[PDB]
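Before any questions on how it binds or moves, here is one chain, the form deposited in one PDB entry, in structure tokens.
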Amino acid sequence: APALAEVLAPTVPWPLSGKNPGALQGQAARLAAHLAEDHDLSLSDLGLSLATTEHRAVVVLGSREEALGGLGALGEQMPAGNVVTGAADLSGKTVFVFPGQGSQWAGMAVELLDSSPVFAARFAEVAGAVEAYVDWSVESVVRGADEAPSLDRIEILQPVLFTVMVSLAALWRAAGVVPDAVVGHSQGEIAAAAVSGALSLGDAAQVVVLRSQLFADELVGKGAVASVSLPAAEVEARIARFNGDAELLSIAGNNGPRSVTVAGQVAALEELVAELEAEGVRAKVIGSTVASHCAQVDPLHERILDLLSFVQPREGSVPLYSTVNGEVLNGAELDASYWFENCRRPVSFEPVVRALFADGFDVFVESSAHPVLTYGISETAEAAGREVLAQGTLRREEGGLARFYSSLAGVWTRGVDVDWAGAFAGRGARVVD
């Protein structure tokens, strides 16, 4: 039942397609002139009409003005922020990417709760699973209720992030976009397991909640993870001087050929990050993160096997590419042992991005509040001579239908199928010739 969109939300997407020279531009030019001249054709009717009918574009609009501004611009081959353009030259094999921490911002799920029924119904269903293992309400933390806990706290961030990522994947699925596979980074593998069905909701919810509550008890204060824009070899050489007495700092992830993470002791991490920043290199402590993917997780080994003994794994609808052991898992192999490897081992994301290229994936949808792994996939694609689409869902301070229809356009304009008519459900629009 529940639609992409509240009937009273004004953001709507207009899709246009052409194959002949200047055909997309001509069709846009004429429609903009007709809209202004006709003064009777309904905006909603024109939308559903365009939505139900090789070179592609989507105008994302909340208003007649934005419609004329978009078609007008497309008509004169001028770029605009609300007109998403592309060529439909991709096979469309799609993988959903579920990142770790870094995605979060303060109002992230709020707009989609208020304006997308589908997102709201999935959010409740997934919030309901986590809330079985927790005293607080996911929805109130997202809306910043006064009395609800903060997202700064790891044990609250990870379950919140889990719910938002799984619910975003359902919003993609309603709009007719369906993964052929999933891929997770760090905690992201939990969300990836939920969406694939490899864990039940309740199992995936219990894993995220218990493993983040452990990290909060045992690891907060003592460690973090930082994102560094240099290749592995350069970074091994910059941390060596910190690791005299003890290994304070270690490479916890490979995201691209020029992109890695470092995990360990907060002071040494912050010094390396300041050193590299002074030198014009991007290095940033990932928000609220603990020193996972390093030796600090080892004193937690037996606790973690006991905590996640419940986990019952099973084949999902769709394979999971393991960022932990380079295997393509049906879903049954995700036992408590796997979930220890996941928080201890460094995340070999980049090599499984190359494996996905070789198995025929050319569309990567990152199901997140803010795109963080998208640059690594694009850098990997360039270095592999592969033309691929790396598409985020939301961004900071853009959590609405305008942002989401933009990212949906991103995938459609490059050849992935989308039910655009879904955006007009229940509005009483009629297709007009």
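Start at 1 with the first residue shown and count on from there.
The same protein also has a form deposited with a partner chain bound, omitted here; what follows describes it.
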Exactly one listed stretch (60 to 68, 36 to 44, 22 to 30, 394 to 402) reaches within 4.5 angstroms of its partner chain in the bound PDB entry by non-hydrogen atoms, and it is 394 to 402
Which residue, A240, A267, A233, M78, has a heavy atom that falls within 4.5 Å of its partner chain in the bound PDB entry? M78
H370: touches its partner chain in the bound PDB entry, heavy atom cutoff 4.5 angstroms: yes
Just checking whether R282 would be counted as a contact of its partner chain in the bound PDB entry - the rule being heavy atoms within 4.5 angstroms. yes
